[PDB]
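The chain below stands alone and is given in structure tokens; this is the form deposited in one PDB entry.
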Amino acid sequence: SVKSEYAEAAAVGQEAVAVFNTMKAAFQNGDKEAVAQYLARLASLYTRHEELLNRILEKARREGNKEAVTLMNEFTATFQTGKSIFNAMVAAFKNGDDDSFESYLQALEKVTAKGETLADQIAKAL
């Protein structure tokens, strides 16, 4: 089964949600020095999670588990959307563009919330 690997990856996703939430508070309360620290931490988490998730997908394929593959592909689509928005948010922050940063923040909050729910549905199904 992929349960061990799924839980390992889910803990990384849980950290990304918590870090995102604190980063939002820092940005909207004017602590931009702190925002940069949280963006760097999120870059690590997105990198770690991407690689673990792709390995779970590949393991579900090696195990011949159609149900698992389907669910992990669905999670991947939402996960990779977030990673792309995150990359654009980092670029906006580098350029001092608060308007773009806030738009990307709102988009990422909704994508991460949807992924969080999806991750719950996957945990119940494995």
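Heads up: residue numbers just count along the shown sequence, starting at 1. C-alpha atoms forming the largest set that superposes within 1.5 Å between two forms make up the rigid core.
Visitor: Return whichever of 10-18 and 109-117 has the greater mean Cα B factor according to the PDB record.
Guide: According to the entry, 109-117 carries the higher average C-alpha B-factor.
Visitor: Averaging CA B factors per stretch from the PDB record, which one is higher: 69-77 or 35-43?
Guide: The stretch with the larger average C-alpha B-factor is 69-77.
Visitor: Quick one: classify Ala26 as lowest, middle or highest third of the chain based on its Cα B-factor.
Guide: Its C-alpha B-factor belongs to the highest third of this chain's values.
Visitor: C-alpha B factor of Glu50, ranked within the chain: lowest, middle or highest third?
Guide: Lowest third.
We do not show the form deposited with a small molecule bound, though everything after this point is about it.
Visitor: Would you check, heavy atoms only and a 4.5 Å threshold, whether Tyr46 touches the small molecule in the entry with it bound?
Guide: Yes - in the entry with it bound, heavy atoms of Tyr46 and the small molecule come within 4.5 Å of each other.
Visitor: So in the entry with it bound, does any heavy atom of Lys59 sit within 4.5 Å of the small molecule?
Guide: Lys59: no contact with the small molecule in the entry with it bound.
Visitor: Only one of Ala10, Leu118, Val19, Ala107 shifts by 2 Å or more at CA between the shown form and the other one when the core is aligned; which is it?
Guide: Among the listed residues, the one whose C-alpha moves by 2 Å or more is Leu118.
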